[PDB]
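The data block below is query05.txt; it holds compact mmCIF, C-alpha atoms and all ligand atoms.
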# COMPACT_ATOMS: atom_id res chain seq x y z
CA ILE A 1 -9.86 -27.29 43.25
CA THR A 2 -7.56 -27.65 46.26
CA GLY A 3 -3.92 -28.22 45.33
CA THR A 4 -0.51 -26.61 44.95
CA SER A 5 0.29 -23.78 42.60
CA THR A 6 2.45 -24.69 39.62
CA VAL A 7 3.68 -23.22 36.38
CA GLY A 8 2.96 -24.93 33.09
CA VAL A 9 4.09 -24.05 29.56
CA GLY A 10 2.22 -24.16 26.27
CA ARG A 11 1.53 -22.50 22.94
CA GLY A 12 -1.35 -20.17 22.22
CA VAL A 13 -3.56 -19.79 19.13
CA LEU A 14 -1.02 -17.80 17.10
CA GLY A 15 1.80 -20.23 17.90
CA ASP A 16 3.54 -18.21 20.64
CA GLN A 17 4.99 -19.96 23.73
CA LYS A 18 3.93 -18.72 27.17
CA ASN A 19 4.01 -19.82 30.79
CA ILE A 20 0.63 -20.29 32.55
CA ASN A 21 -0.33 -20.54 36.20
CA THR A 22 -1.77 -23.97 36.98
CA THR A 23 -2.79 -26.03 40.02
CA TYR A 24 -1.63 -29.58 40.73
CA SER A 25 -3.91 -32.19 42.22
CA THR A 26 -3.45 -35.53 40.46
CA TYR A 27 -3.86 -33.54 37.23
CA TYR A 28 -2.57 -30.07 36.34
CA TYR A 29 -5.57 -27.74 36.08
CA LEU A 30 -5.94 -24.35 34.40
CA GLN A 31 -6.45 -22.67 37.74
CA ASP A 32 -4.30 -19.62 38.43
CA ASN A 33 -4.14 -18.99 42.19
CA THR A 34 -1.79 -16.02 41.90
CA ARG A 35 -4.53 -13.52 41.04
CA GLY A 36 -7.48 -12.71 43.29
CA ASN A 37 -9.68 -15.68 44.14
CA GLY A 38 -8.48 -17.46 41.01
CA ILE A 39 -8.65 -17.59 37.23
CA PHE A 40 -10.28 -20.80 36.05
CA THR A 41 -10.47 -22.04 32.44
CA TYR A 42 -12.92 -24.74 31.32
CA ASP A 43 -13.38 -27.11 28.36
CA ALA A 44 -16.83 -26.85 26.81
CA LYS A 45 -15.91 -29.76 24.45
CA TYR A 46 -17.70 -28.35 21.39
CA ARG A 47 -21.06 -28.29 23.25
CA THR A 48 -23.07 -25.45 24.77
CA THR A 49 -23.49 -26.50 28.36
CA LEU A 50 -21.46 -24.25 30.62
CA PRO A 51 -19.06 -23.99 32.11
CA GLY A 52 -18.02 -27.50 31.07
CA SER A 53 -15.13 -29.16 32.93
CA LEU A 54 -12.22 -27.43 34.63
CA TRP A 55 -9.33 -27.90 32.18
CA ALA A 56 -7.22 -30.91 33.28
CA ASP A 57 -3.88 -31.92 31.79
CA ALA A 58 -1.67 -34.82 32.71
CA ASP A 59 1.80 -33.27 32.38
CA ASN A 60 1.51 -29.42 32.68
CA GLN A 61 2.58 -29.01 29.01
CA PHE A 62 0.02 -27.39 26.73
CA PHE A 63 1.33 -27.70 23.19
CA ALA A 64 -1.53 -29.65 21.59
CA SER A 65 -3.64 -27.88 18.99
CA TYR A 66 -6.69 -28.51 21.16
CA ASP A 67 -4.91 -26.80 24.05
CA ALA A 68 -4.18 -23.46 22.37
CA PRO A 69 -7.52 -21.65 22.87
CA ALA A 70 -7.38 -22.56 26.59
CA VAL A 71 -3.80 -21.38 26.96
CA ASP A 72 -4.73 -17.96 25.61
CA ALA A 73 -8.06 -17.58 27.42
CA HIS A 74 -6.24 -18.34 30.66
CA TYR A 75 -3.17 -16.20 30.02
CA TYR A 76 -5.03 -13.16 28.61
CA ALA A 77 -7.48 -13.21 31.52
CA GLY A 78 -4.38 -12.91 33.73
CA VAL A 79 -3.10 -9.92 31.68
CA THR A 80 -6.51 -8.22 31.88
CA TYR A 81 -6.65 -8.83 35.66
CA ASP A 82 -3.23 -7.20 35.96
CA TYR A 83 -4.30 -4.19 33.91
CA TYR A 84 -7.32 -3.44 36.05
CA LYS A 85 -5.43 -4.04 39.34
CA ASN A 86 -2.23 -2.22 38.47
CA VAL A 87 -3.68 0.61 36.42
CA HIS A 88 -7.09 1.28 38.08
CA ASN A 89 -6.67 -0.39 41.49
CA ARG A 90 -9.64 -2.63 40.69
CA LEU A 91 -9.58 -6.19 42.01
CA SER A 92 -11.23 -8.41 39.38
CA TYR A 93 -14.50 -7.49 37.67
CA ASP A 94 -16.53 -6.96 40.84
CA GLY A 95 -13.85 -5.01 42.73
CA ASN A 96 -13.60 -7.79 45.32
CA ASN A 97 -11.48 -10.37 43.52
CA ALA A 98 -14.34 -12.54 42.21
CA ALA A 99 -13.08 -15.71 40.56
CA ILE A 100 -12.75 -15.28 36.83
CA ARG A 101 -14.08 -18.18 34.77
CA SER A 102 -13.74 -18.81 31.02
CA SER A 103 -14.89 -21.66 28.78
CA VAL A 104 -13.32 -22.44 25.41
CA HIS A 105 -14.26 -24.80 22.56
CA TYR A 106 -17.86 -23.56 22.92
CA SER A 107 -20.21 -25.04 20.31
CA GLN A 108 -19.02 -25.86 16.76
CA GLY A 109 -17.65 -23.35 14.24
CA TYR A 110 -18.80 -20.59 16.61
CA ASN A 111 -17.94 -17.11 15.34
CA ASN A 112 -18.26 -15.18 18.56
CA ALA A 113 -17.39 -14.77 22.23
CA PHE A 114 -19.48 -13.36 25.07
CA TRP A 115 -20.00 -12.78 28.80
CA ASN A 116 -23.05 -14.82 29.83
CA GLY A 117 -23.74 -12.94 33.08
CA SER A 118 -21.34 -15.16 35.02
CA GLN A 119 -18.37 -16.19 32.85
CA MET A 120 -16.55 -15.60 29.56
CA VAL A 121 -17.31 -17.97 26.64
CA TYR A 122 -15.21 -18.37 23.48
CA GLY A 123 -16.01 -20.05 20.19
CA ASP A 124 -13.38 -21.68 18.00
CA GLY A 125 -14.49 -19.80 14.86
CA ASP A 126 -15.22 -21.63 11.62
CA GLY A 127 -11.64 -21.25 10.45
CA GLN A 128 -12.60 -18.76 7.80
CA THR A 129 -14.25 -15.76 9.44
CA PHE A 130 -12.48 -16.43 12.75
CA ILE A 131 -9.84 -18.59 14.42
CA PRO A 132 -10.41 -19.39 18.15
CA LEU A 133 -11.41 -16.04 19.54
CA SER A 134 -9.39 -16.22 22.77
CA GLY A 135 -6.31 -15.77 20.58
CA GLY A 136 -6.99 -12.01 20.58
CA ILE A 137 -6.05 -10.11 23.72
CA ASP A 138 -8.42 -7.31 22.67
CA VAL A 139 -11.22 -9.95 22.50
CA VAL A 140 -10.47 -11.36 25.95
CA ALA A 141 -10.25 -7.91 27.57
CA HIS A 142 -13.42 -6.84 25.68
CA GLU A 143 -15.28 -9.74 27.26
CA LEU A 144 -13.91 -9.28 30.81
CA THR A 145 -14.77 -5.60 30.51
CA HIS A 146 -18.45 -6.53 29.90
CA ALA A 147 -18.35 -8.03 33.41
CA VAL A 148 -16.82 -4.84 34.79
CA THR A 149 -19.51 -2.77 33.13
CA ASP A 150 -22.22 -5.03 34.41
CA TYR A 151 -20.96 -4.66 38.00
CA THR A 152 -20.52 -0.86 37.74
CA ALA A 153 -22.48 1.35 35.33
CA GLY A 154 -24.78 -1.49 34.37
CA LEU A 155 -25.37 -0.09 30.86
CA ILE A 156 -28.44 -1.75 29.36
CA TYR A 157 -27.47 -3.73 26.24
CA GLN A 158 -29.57 -1.89 23.69
CA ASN A 159 -29.71 1.38 21.77
CA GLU A 160 -27.40 4.16 22.99
CA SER A 161 -26.60 2.70 26.39
CA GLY A 162 -25.74 -0.57 24.65
CA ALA A 163 -23.47 1.17 22.16
CA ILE A 164 -21.65 2.80 25.11
CA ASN A 165 -21.43 -0.65 26.73
CA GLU A 166 -19.83 -1.96 23.54
CA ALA A 167 -17.46 1.01 23.17
CA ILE A 168 -16.31 0.62 26.78
CA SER A 169 -15.40 -2.99 25.98
CA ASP A 170 -13.56 -1.98 22.77
CA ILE A 171 -11.77 0.88 24.52
CA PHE A 172 -10.48 -1.20 27.42
CA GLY A 173 -9.80 -4.15 25.13
CA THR A 174 -7.53 -1.81 23.20
CA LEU A 175 -5.95 -0.29 26.32
CA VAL A 176 -5.20 -3.83 27.56
CA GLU A 177 -3.71 -4.64 24.16
CA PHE A 178 -1.39 -1.68 24.57
CA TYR A 179 -0.66 -2.68 28.15
CA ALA A 180 0.58 -6.08 26.98
CA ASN A 181 2.42 -4.22 24.19
CA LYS A 182 2.41 -6.96 21.55
CA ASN A 183 1.55 -5.49 18.15
CA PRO A 184 -0.85 -2.98 19.71
CA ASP A 185 -3.22 -0.97 17.56
CA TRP A 186 -6.57 0.83 17.57
CA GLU A 187 -8.15 -1.95 15.56
CA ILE A 188 -10.52 -4.60 17.00
CA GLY A 189 -10.13 -8.36 16.63
CA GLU A 190 -7.40 -8.32 13.98
CA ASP A 191 -5.47 -11.22 15.54
CA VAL A 192 -8.29 -13.73 15.14
CA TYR A 193 -10.37 -12.33 12.25
CA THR A 194 -10.17 -13.71 8.70
CA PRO A 195 -7.01 -15.78 8.72
CA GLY A 196 -6.87 -15.72 4.93
CA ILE A 197 -6.95 -11.90 4.74
CA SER A 198 -4.13 -9.83 6.16
CA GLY A 199 -4.42 -6.32 7.47
CA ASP A 200 -8.17 -6.19 8.20
CA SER A 201 -10.23 -6.33 11.37
CA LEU A 202 -13.73 -6.58 12.71
CA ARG A 203 -14.01 -2.92 13.79
CA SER A 204 -11.63 0.05 13.79
CA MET A 205 -11.53 2.75 16.47
CA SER A 206 -9.26 4.98 14.39
CA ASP A 207 -11.63 4.87 11.41
CA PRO A 208 -14.89 3.02 12.15
CA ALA A 209 -16.24 3.74 8.69
CA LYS A 210 -13.59 1.52 7.14
CA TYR A 211 -15.87 -1.43 8.12
CA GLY A 212 -19.17 0.46 7.68
CA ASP A 213 -19.71 1.74 11.21
CA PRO A 214 -20.60 5.38 11.90
CA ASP A 215 -17.99 7.94 12.94
CA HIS A 216 -20.52 10.76 13.58
CA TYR A 217 -23.80 10.94 15.42
CA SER A 218 -25.51 12.08 12.23
CA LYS A 219 -24.81 8.63 10.81
CA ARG A 220 -26.16 6.66 13.75
CA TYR A 221 -28.17 3.51 13.12
CA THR A 222 -31.64 3.52 14.63
CA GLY A 223 -33.22 0.27 13.45
CA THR A 224 -33.58 -2.88 15.55
CA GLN A 225 -30.86 -5.26 14.36
CA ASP A 226 -27.96 -5.94 16.70
CA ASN A 227 -29.91 -4.77 19.75
CA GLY A 228 -30.42 -1.36 18.17
CA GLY A 229 -26.95 -1.24 16.63
CA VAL A 230 -24.78 -1.79 19.72
CA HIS A 231 -21.75 -2.99 17.69
CA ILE A 232 -22.47 -0.34 15.04
CA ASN A 233 -23.11 2.87 16.98
CA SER A 234 -20.16 1.96 19.20
CA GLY A 235 -18.07 3.44 16.34
CA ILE A 236 -19.18 6.97 17.29
CA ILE A 237 -17.87 6.56 20.80
CA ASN A 238 -14.77 4.56 19.75
CA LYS A 239 -13.86 7.38 17.39
CA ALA A 240 -14.26 9.93 20.19
CA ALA A 241 -12.02 7.84 22.43
CA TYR A 242 -9.40 7.50 19.69
CA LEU A 243 -9.44 11.25 19.14
CA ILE A 244 -9.12 12.01 22.86
CA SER A 245 -6.04 9.82 22.98
CA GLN A 246 -4.39 10.30 19.62
CA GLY A 247 -5.81 13.62 18.43
CA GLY A 248 -6.73 14.52 14.86
CA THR A 249 -9.07 16.69 12.75
CA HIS A 250 -12.39 14.99 12.02
CA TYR A 251 -15.13 16.61 9.92
CA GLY A 252 -13.08 19.82 10.32
CA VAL A 253 -12.98 19.75 14.13
CA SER A 254 -9.44 19.52 15.61
CA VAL A 255 -8.76 17.52 18.78
CA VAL A 256 -5.54 17.78 20.83
CA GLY A 257 -4.53 14.24 21.83
CA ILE A 258 -3.81 13.60 25.52
CA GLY A 259 -2.60 9.98 25.33
CA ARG A 260 -3.90 6.52 26.23
CA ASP A 261 -3.26 6.59 29.93
CA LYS A 262 -5.36 9.70 30.45
CA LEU A 263 -8.14 8.35 28.14
CA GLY A 264 -8.16 5.27 30.36
CA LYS A 265 -8.33 7.24 33.60
CA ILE A 266 -11.11 9.43 32.28
CA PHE A 267 -13.27 6.63 30.93
CA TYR A 268 -12.65 4.36 33.97
CA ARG A 269 -13.86 7.15 36.25
CA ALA A 270 -16.86 7.79 34.01
CA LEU A 271 -17.81 4.14 33.97
CA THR A 272 -17.50 3.68 37.72
CA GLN A 273 -18.66 7.04 39.16
CA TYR A 274 -21.05 8.67 36.67
CA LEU A 275 -22.65 6.40 34.06
CA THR A 276 -25.90 4.59 34.90
CA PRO A 277 -27.83 1.74 33.19
CA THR A 278 -29.71 4.18 30.97
CA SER A 279 -27.00 6.71 30.00
CA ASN A 280 -27.16 7.95 26.43
CA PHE A 281 -24.35 9.48 24.38
CA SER A 282 -25.00 13.03 25.55
CA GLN A 283 -24.86 11.80 29.13
CA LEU A 284 -21.60 9.98 28.41
CA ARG A 285 -20.14 13.27 27.14
CA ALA A 286 -21.13 14.91 30.43
CA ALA A 287 -19.75 12.05 32.48
CA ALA A 288 -16.46 12.19 30.63
CA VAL A 289 -16.24 15.99 31.01
CA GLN A 290 -16.90 15.71 34.74
CA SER A 291 -14.41 12.84 35.08
CA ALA A 292 -11.70 14.82 33.32
CA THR A 293 -12.58 17.82 35.47
CA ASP A 294 -12.19 15.77 38.65
CA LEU A 295 -8.86 14.38 37.51
CA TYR A 296 -7.22 17.37 35.85
CA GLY A 297 -9.19 20.50 36.69
CA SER A 298 -11.84 22.49 34.86
CA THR A 299 -9.32 24.63 32.92
CA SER A 300 -7.16 21.71 31.82
CA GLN A 301 -6.21 20.63 28.36
CA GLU A 302 -7.72 17.23 29.22
CA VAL A 303 -11.20 18.69 29.70
CA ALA A 304 -10.93 20.78 26.56
CA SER A 305 -9.87 17.76 24.50
CA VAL A 306 -12.77 15.68 25.74
CA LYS A 307 -15.16 18.43 24.59
CA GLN A 308 -13.42 18.70 21.23
CA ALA A 309 -13.61 14.97 20.69
CA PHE A 310 -17.34 14.71 21.36
CA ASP A 311 -17.97 17.81 19.22
CA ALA A 312 -16.04 16.12 16.41
CA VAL A 313 -18.37 13.14 16.45
CA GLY A 314 -21.53 15.23 16.75
CA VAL A 315 -22.40 14.53 20.38
CA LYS A 316 -23.46 17.46 22.54
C1 LIG A 401 -19.22 -11.11 14.48
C2 LIG A 401 -19.17 -10.90 16.03
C3 LIG A 401 -17.81 -11.44 16.59
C4 LIG A 401 -19.30 -9.39 16.33
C5 LIG A 401 -20.08 -9.01 17.62
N1 LIG A 401 -19.35 -9.59 18.74
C6 LIG A 401 -18.36 -8.95 19.38
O1 LIG A 401 -17.92 -7.89 18.92
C7 LIG A 401 -17.79 -9.54 20.65
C8 LIG A 401 -16.62 -10.49 20.25
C9 LIG A 401 -15.40 -9.72 19.74
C10 LIG A 401 -14.90 -10.04 18.47
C11 LIG A 401 -13.78 -9.34 17.99
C12 LIG A 401 -13.19 -8.35 18.78
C13 LIG A 401 -13.68 -8.07 20.05
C14 LIG A 401 -14.81 -8.73 20.52
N2 LIG A 401 -18.79 -10.34 21.37
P1 LIG A 401 -19.80 -9.63 22.47
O2 LIG A 401 -19.36 -9.87 23.87
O3 LIG A 401 -19.95 -8.18 22.15
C15 LIG A 401 -21.35 -10.55 22.17
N3 LIG A 401 -22.38 -10.13 23.08
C16 LIG A 401 -23.46 -10.91 23.22
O4 LIG A 401 -23.44 -12.08 22.83
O5 LIG A 401 -24.46 -10.30 23.84
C17 LIG A 401 -25.68 -11.07 23.99
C18 LIG A 401 -25.71 -11.67 25.41
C19 LIG A 401 -25.21 -12.95 25.63
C20 LIG A 401 -25.35 -13.55 26.88
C21 LIG A 401 -25.92 -12.84 27.94
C22 LIG A 401 -26.44 -11.56 27.73
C23 LIG A 401 -26.33 -10.97 26.46
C24 LIG A 401 -21.53 -9.41 17.63
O6 LIG A 401 -21.93 -10.22 18.52
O7 LIG A 401 -22.34 -8.93 16.77
CA CA A 402 -0.29 -31.92 28.23
CA CA A 403 -2.89 -5.85 17.52
CA CA A 404 -6.45 -4.73 18.37
CA CA A 405 -7.63 -11.12 8.85
ZN ZN A 406 -19.17 -6.81 23.37
Render the structure in this file as structure tokens.
Ligand SMILES: CC(C)C[C@H](NC(=O)[C@H](Cc1ccccc1)NP(=O)(O)CNC(=O)OCc1ccccc1)C(=O)O
Ligand SMILES: [Ca+2]
Ligand SMILES: [Ca+2]
Ligand SMILES: [Ca+2]
Ligand SMILES: [Ca+2]
Ligand SMILES: [Zn+2]
Amino acid sequence: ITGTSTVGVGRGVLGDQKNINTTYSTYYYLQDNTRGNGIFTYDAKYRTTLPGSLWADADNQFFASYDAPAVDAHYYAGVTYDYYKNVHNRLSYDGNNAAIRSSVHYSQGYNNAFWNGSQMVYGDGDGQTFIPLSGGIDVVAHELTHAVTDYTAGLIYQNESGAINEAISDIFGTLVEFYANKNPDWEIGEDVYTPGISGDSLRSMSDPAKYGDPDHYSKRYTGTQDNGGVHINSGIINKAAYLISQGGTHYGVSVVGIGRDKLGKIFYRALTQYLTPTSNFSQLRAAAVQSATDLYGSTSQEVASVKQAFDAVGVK
């Protein structure tokens, strides 16, 4: 909408206060004009038609319980925007500052979030398996990263290419979590998963097997559920990414960690310059080796660590 940029204040899903960029035109709208061609957050009003209505508020104060999922979808989209711009020189998900749109309060009791080809969509959770999923910065950056993937590598959402697609979203969700630096970890979805159980999460990059996902290619799932295991076999690549960054000895293979920033540079380059819609794990290893070579040189520690990490998870 046309109007003047303003700054509202509210509380997110976990009860934290934050400022949000709004637009004033009779109402205050969740429209952030300070980033690209805008960040827009919508109310889906517990139904499934999208996007719903642009979020409108009479006084620019967002402290109602109903407001909290919108506050966080809007604010964490801004953080993820800033990560890609500041860290990778990428302007929004298409590289050309496309408007970023999110809807919250999708459906009823909805235990998921997704990128529908055009926008991010967040359920409120059923209060037991999940709380509103936009309360997790790793969830929001996981979803915006699906858009990035779709505009770059284009990884098909099934079997090995789909598990790479999923790992790319968990990896950058985690790097954005560290970027914002609030309780960062290598776990996935812990801020919004199982409110009655502390300390758990939906997936783990540091130890995928903790929640039954494979941490070696020999343990890969090859049936048909979950699009051929895309949220399952992602654990093989998440573990490799964790090892590249943090190091460790896994099934007897030792990896020298090179840190998060260099993991992010290497995988961003792989995603945008070498992966294609049909890449499999072995082709991801090659793409990451070539990306590290480009960035740090063929005889670097960074290249050797990438090789060690994929050897450790059984990917040649
Ligand atoms: C239980 C569920 C949340 C797990 C899993 N979903 C997820 O892991 C994440 C949500 C998330 C939760 C916690 C941390 C980070 C991300 N959702 P996602 O984006 O991977 C769901 N993808 C998805 O819905 O893909 C199907 C699709 C929809 C529309 C258009 C084309 C294709 C799944 O869908 O199986
Ligand atoms: Ca208000
Ligand atoms: Ca965390
Ligand atoms: Ca996390
Ligand atoms: Ca929990
Ligand atoms: Zn995903």
Contacts of residue A:259 at 10 Å (all atoms listed in the file; same-chain gap of 5+ positions) as an mmCIF file with C-alpha atoms, in the coordinates of the input:
data_model
loop_
_atom_site.group_PDB
_atom_site.id
_atom_site.type_symbol
_atom_site.label_atom_id
_atom_site.label_comp_id
_atom_site.auth_asym_id
_atom_site.auth_seq_id
_atom_site.Cartn_x
_atom_site.Cartn_y
_atom_site.Cartn_z
ATOM 1 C CA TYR A 242 -9.400 7.500 19.690
ATOM 2 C CA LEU A 243 -9.440 11.250 19.140
ATOM 3 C CA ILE A 244 -9.120 12.010 22.860
ATOM 4 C CA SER A 245 -6.040 9.820 22.980
ATOM 5 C CA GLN A 246 -4.390 10.300 19.620
ATOM 6 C CA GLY A 247 -5.810 13.620 18.430
ATOM 7 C CA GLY A 264 -8.160 5.270 30.360
ATOM 8 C CA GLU A 302 -7.720 17.230 29.220
#
Chain A near ligand CA 402 (chain A) within 10 Å: what's each residue's closest atom pair and its distance in Å to one decimal, counting all atoms listed in the file, ordered by chain then ascending residue number, as CSV?
residue,atom,partner,partner_atom,distance
A:8,CA,A:CA402,CA,9.1
A:9,CA,A:CA402,CA,9.1
A:10,CA,A:CA402,CA,8.4
A:27,CA,A:CA402,CA,9.8
A:28,CA,A:CA402,CA,8.6
A:56,CA,A:CA402,CA,8.6
A:57,CA,A:CA402,CA,5.1
A:58,CA,A:CA402,CA,5.5
A:59,CA,A:CA402,CA,4.8
A:60,CA,A:CA402,CA,5.4
A:61,CA,A:CA402,CA,4.2
A:62,CA,A:CA402,CA,4.8
A:63,CA,A:CA402,CA,6.8
A:64,CA,A:CA402,CA,7.1
A:67,CA,A:CA402,CA,8.1
Distance limit 12 Å, reference ligand CA 404 (chain A), atoms considered: all atoms listed in the file. Which residues make the cut? Give them as a ChimeraX atom specification. /A:135-142,169-193,199-206
Excluding same-chain residues fewer than 2 positions from residue A:11, what lies within 10 Å of it counting all atoms listed in the file, as a PyMOL selection string? chain A and resi 9+13-20+61-65+67-72
Using only C-alpha atoms and all ligand atoms, find each protein or nucleic acid residue lying at most 9 Å from ligand ZN 406 (chain A); present the set as a VMD selection string. chain A and resid 113 to 115 139 142 to 143 145 to 146 165 to 170 230 to 231
Save out the residues we just selected, C-alpha atoms, as an mmCIF file, in the coordinates of the input.
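What ended up in part00.cif:
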data_model
loop_
_atom_site.group_PDB
_atom_site.id
_atom_site.type_symbol
_atom_site.label_atom_id
_atom_site.label_comp_id
_atom_site.auth_asym_id
_atom_site.auth_seq_id
_atom_site.Cartn_x
_atom_site.Cartn_y
_atom_site.Cartn_z
ATOM 1 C CA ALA A 113 -17.390 -14.770 22.230
ATOM 2 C CA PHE A 114 -19.480 -13.360 25.070
ATOM 3 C CA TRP A 115 -20.000 -12.780 28.800
ATOM 4 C CA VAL A 139 -11.220 -9.950 22.500
ATOM 5 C CA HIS A 142 -13.420 -6.840 25.680
ATOM 6 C CA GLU A 143 -15.280 -9.740 27.260
ATOM 7 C CA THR A 145 -14.770 -5.600 30.510
ATOM 8 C CA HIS A 146 -18.450 -6.530 29.900
ATOM 9 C CA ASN A 165 -21.430 -0.650 26.730
ATOM 10 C CA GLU A 166 -19.830 -1.960 23.540
ATOM 11 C CA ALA A 167 -17.460 1.010 23.170
ATOM 12 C CA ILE A 168 -16.310 0.620 26.780
ATOM 13 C CA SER A 169 -15.400 -2.990 25.980
ATOM 14 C CA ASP A 170 -13.560 -1.980 22.770
ATOM 15 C CA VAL A 230 -24.780 -1.790 19.720
ATOM 16 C CA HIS A 231 -21.750 -2.990 17.690
#
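Going from atom CA of residue A:295 to atom CA of residue A:154 covers 22.7 Å.
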Which residue gives the smallest distance to ligand LIG 401 (chain A) among A:218, A:111, A:134, A:234, with all atoms listed in the file counted?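 Among A:218, A:111, A:134, A:234, it is A:111 that comes nearest to ligand LIG 401 (chain A).
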If we count all atoms listed in the file and set the cut-off at 12 Å, which residues sit around residue A:49, ignoring sequence neighbours fewer than 5 positions away in its own chain? Please answer as a ChimeraX atom specification. /A:42-44,103-107,116,121
Please list as a PyMOL selection string every residue within 8 Å of residue A:24, counting all atoms listed in the file and excluding residues in the same chain fewer than 2 positions away. chain A and resi 3-6+22+26-29
Atom CA of residue A:273 to atom CA of residue A:155, distance in Å rounded to a single decimal: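 We find that atom CA of residue A:273 and atom CA of residue A:155 lie 12.8 Å from each other.
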With only C-alpha atoms as the atoms that count, which of A:224, A:300, A:283, A:161 lies nearest to residue A:258? A:300
Using only C-alpha atoms, which residue out of A:36, A:124, A:285, A:53 lies closest to residue A:91?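 Ranking A:36, A:124, A:285, A:53 by distance to residue A:91, first place goes to A:36.
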Test item: axis-aligned box, all listed atoms of stretch 59-68 of chain A, 3 Å on each side, centre and edges in Å rounded to one decimal, as lines of an AutoDock Vina configuration file:
center_x = -2.1
center_y = -28.4
center_z = 25.8
size_x = 15.3
size_y = 15.8
size_z = 19.7
Distance atom CA of residue A:90-atom CA of residue A:282, one decimal place? 26.7 Å
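Comparing the minimum interatomic distances between residue A:149 and each of A:275, A:315, A:289, A:304, counting all atoms listed in the file, we find that A:275 sits nearest.
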Using all atoms listed in the file, the best pick from A:288, A:164, A:100, A:73 as closest to residue A:133 would be A:73
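Using all atoms listed in the file, the nearest neighbour of residue A:48 within the list A:276, A:110, A:248, A:308 is A:110.
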Will you model N, CA, C and O atoms for stretch 189-201 of chain A and pass it back as a PDB file, keeping the file's coordinate frame?
ATOM      1  N   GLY A 189      -9.985  -6.952  17.000  1.00  0.00           N
ATOM      2  CA  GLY A 189     -10.130  -8.360  16.630  1.00  0.00           C
ATOM      3  C   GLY A 189      -9.221  -8.820  15.507  1.00  0.00           C
ATOM      4  O   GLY A 189      -9.373  -9.960  15.042  1.00  0.00           O
ATOM      5  N   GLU A 190      -8.267  -7.968  15.107  1.00  0.00           N
ATOM      6  CA  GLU A 190      -7.400  -8.320  13.980  1.00  0.00           C
ATOM      7  C   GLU A 190      -6.615  -9.600  14.161  1.00  0.00           C
ATOM      8  O   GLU A 190      -6.235 -10.232  13.157  1.00  0.00           O
ATOM      9  N   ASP A 191      -6.311 -10.015  15.394  1.00  0.00           N
ATOM     10  CA  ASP A 191      -5.470 -11.220  15.540  1.00  0.00           C
ATOM     11  C   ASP A 191      -6.224 -12.506  15.257  1.00  0.00           C
ATOM     12  O   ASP A 191      -5.571 -13.541  15.048  1.00  0.00           O
ATOM     13  N   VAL A 192      -7.551 -12.482  15.292  1.00  0.00           N
ATOM     14  CA  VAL A 192      -8.290 -13.730  15.140  1.00  0.00           C
ATOM     15  C   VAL A 192      -9.294 -13.674  13.996  1.00  0.00           C
ATOM     16  O   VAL A 192      -9.956 -14.677  13.730  1.00  0.00           O
ATOM     17  N   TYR A 193      -9.425 -12.535  13.337  1.00  0.00           N
ATOM     18  CA  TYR A 193     -10.370 -12.330  12.250  1.00  0.00           C
ATOM     19  C   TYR A 193      -9.739 -12.664  10.904  1.00  0.00           C
ATOM     20  O   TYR A 193      -8.580 -12.314  10.641  1.00  0.00           O
ATOM     21  N   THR A 194     -10.501 -13.325  10.066  1.00  0.00           N
ATOM     22  CA  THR A 194     -10.170 -13.710   8.700  1.00  0.00           C
ATOM     23  C   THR A 194      -8.722 -14.092   8.473  1.00  0.00           C
ATOM     24  O   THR A 194      -7.845 -13.366   7.982  1.00  0.00           O
ATOM     25  N   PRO A 195      -8.386 -15.328   8.849  1.00  0.00           N
ATOM     26  CA  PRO A 195      -7.010 -15.780   8.720  1.00  0.00           C
ATOM     27  C   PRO A 195      -6.487 -15.708   7.284  1.00  0.00           C
ATOM     28  O   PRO A 195      -5.278 -15.559   7.083  1.00  0.00           O
ATOM     29  N   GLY A 196      -7.377 -15.788   6.305  1.00  0.00           N
ATOM     30  CA  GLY A 196      -6.870 -15.720   4.930  1.00  0.00           C
ATOM     31  C   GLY A 196      -6.692 -14.306   4.436  1.00  0.00           C
ATOM     32  O   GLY A 196      -6.219 -14.133   3.301  1.00  0.00           O
ATOM     33  N   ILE A 197      -7.054 -13.290   5.218  1.00  0.00           N
ATOM     34  CA  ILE A 197      -6.950 -11.900   4.740  1.00  0.00           C
ATOM     35  C   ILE A 197      -6.100 -11.105   5.696  1.00  0.00           C
ATOM     36  O   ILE A 197      -6.376 -10.932   6.883  1.00  0.00           O
ATOM     37  N   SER A 198      -4.974 -10.566   5.223  1.00  0.00           N
ATOM     38  CA  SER A 198      -4.130  -9.830   6.160  1.00  0.00           C
ATOM     39  C   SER A 198      -4.493  -8.360   6.258  1.00  0.00           C
ATOM     40  O   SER A 198      -4.981  -7.689   5.349  1.00  0.00           O
ATOM     41  N   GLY A 199      -4.259  -7.764   7.429  1.00  0.00           N
ATOM     42  CA  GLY A 199      -4.420  -6.320   7.470  1.00  0.00           C
ATOM     43  C   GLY A 199      -5.802  -5.812   7.796  1.00  0.00           C
ATOM     44  O   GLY A 199      -5.975  -4.593   7.913  1.00  0.00           O
ATOM     45  N   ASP A 200      -6.815  -6.659   7.944  1.00  0.00           N
ATOM     46  CA  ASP A 200      -8.170  -6.190   8.200  1.00  0.00           C
ATOM     47  C   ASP A 200      -8.530  -6.395   9.674  1.00  0.00           C
ATOM     48  O   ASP A 200      -7.691  -6.838  10.450  1.00  0.00           O
ATOM     49  N   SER A 201      -9.764  -6.062  10.012  1.00  0.00           N
ATOM     50  CA  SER A 201     -10.230  -6.330  11.370  1.00  0.00           C
ATOM     51  C   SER A 201     -11.754  -6.244  11.388  1.00  0.00           C
ATOM     52  O   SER A 201     -12.372  -5.937  10.365  1.00  0.00           O
TER      53      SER A 201
END
